Structures are given as C-alpha cells and as structure tokens.
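Structural overview for review
This is what each chain is made of:
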Amino acid sequence: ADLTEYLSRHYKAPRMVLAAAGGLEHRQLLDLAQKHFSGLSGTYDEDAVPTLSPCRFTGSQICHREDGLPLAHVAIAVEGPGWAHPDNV
Amino acid sequence: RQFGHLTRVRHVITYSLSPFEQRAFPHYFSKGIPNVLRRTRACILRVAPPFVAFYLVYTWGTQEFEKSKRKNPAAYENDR
C-alpha cells in the first residue's frame, strides 16, 4: 500500500524527464515518448501535490566513538548554496 | 596522557549542538529551582546537623561565659 501510493503520487509526467544521448534523432525520441510515455497522468487530484519545504541546517556534531575500527573517518561541512546559486561555481 | 592515548571506548555515540544554535540559559528557573531544591534535600541531613551543633555549643558557651563573668548571689550575702 505504501509503495503503490508513493509510486502513484511521485512517479508522474510533469515531475519526470526523459533524457537521451548518443547517435539518435531528437524527432524520433519525441515520437517514442509520445507513443509510449503520453499514457502518464498530467496533474493531480487537486491535492497530494507535495512541494519541497526548505530544510533547516543545524551546526552540530555526531561522534560515533568506535576504537575497534582501524581508521577514523571525519566529515565536516557548512551550509551549502543550493542548486540555483551562481556561487556554486 | 593525551587526546588519543587516554583509554579504549567502544560503541558510544555523542550528539552535540553548536552554542550559537542553542540557548545559553535553557529552562533555568523552570527546571533548575526544583533540581537545586532536590540537591539541597539530598545533602542537608549530612551537612547541617554539625553546624547546628556548633551553633548550640556556640550560643551556650557564650551564654555560660556571660553568666560566669557577672556577679553571683553568694558574694558576701547573708554575711555582714
């Protein structure tokens, strides 16, 4: 029930992209997508459309102390820019 | 004796939080005053009675010193 509901919600046309790369003609890919993928639904039931709420970054630490393992692994980071920000470059 | 050579610790996880992210005085009067009282109730019975006993011996000893300093009724009374 959870898997099928997760599928029915999230796996849909406006939320999806069909990519291709190699020796192939854009017209042909579009014909194949029109012939096979146009069967997908195109909007919602007027709700159930989940949109991303922003996530709170918290400066904090987690220290899984385990001397039995041979080498310590450390990962330190500050809050990132997000996909959109030119600063990324 | 250094960080790294202290002792063998295994399977523990410590979750911490930045001091700028968190509060300095979280639930100070709310949770504290009860905790302070609890700590007072724990110790009081062990700590106080000797100081009470000091106070009793103190006031008594000073009282009895002032009694002995002062006059007495047998000093040449019923003896002209």
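Looking at the method and resolution fields of the entry, one finds X-ray crystallography and 3.50 Å.

**Overview of the interface of chain A and chain B**
Accessible area lost on assembly of the parts is the figure often given for the size of an interface. On the chain B side, the residues contacting the twelve residues of chain A number 13 residues. Taken over both partners, the interface formed by chain A and chain B buries close to 1000 Å², and the fraction arising from carbon and sulfur atoms is 45%. Put simply, chain A and chain B have one salt bridge between them. Counted by class, the side of chain A that touches chain B contains three nonpolar, six polar and three charged residues. Looking at chain direction, strand 1 (residues 60-66) of chain A and strand 1 (residues 10-17) of chain B are connected through seven bridges and run antiparallel.

**Thoughts on the packing of aromatic side chains**
Counted by the stated rule, this structure contains four aromatic pairs over all chains. Three or more aromatic residues joined by ring pairs make a cluster, and in this case those are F25, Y28 and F29 of chain B.

**Quick notes on the side chain of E66 of chain A**
Assignment of secondary structure puts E66 of chain A in strand 1. What makes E66 of chain A buried here is its relative accessible area of 16%. There is a polar contact of 2.8 Å between the side chain of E66 of chain A and the side chain of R10 of chain B.

The rules behind each value
- Residues numbered from 1 in each chain as written, not as in the entry; some residues may be left out.
- Chains lettered and ligands numbered in written order.
- Part of a larger assembly, values for the part shown.
- Heavy atoms only, no water.
- Contact = heavy atoms within 4.5 Å.
- Buried area = accessible area lost by both parts, 1.4 Å probe.
- Salt bridge = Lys/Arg side-chain N within 4 Å of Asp/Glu carboxyl O.
- Nonpolar A, V, L, I, M, F, W, Y, C, P; charged D, E, K, R; others polar.
- Pairing = 2+ DSSP bridges.
- Helix = DSSP H or I, 4+ residues; strand = E, 2+ residues; numbered from the N terminus.
- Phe/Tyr/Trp six-rings, centres within 6.5 Å; stacked < 30°, edge-to-face > 60°.
- Buried < 20%, exposed > 50% of the residue type's maximum accessible area, 1.4 Å probe, protein only.
- Polar contact = N/O pair within 3.5 Å; in protein donor to acceptor, adjacent residues only side chain to side chain.

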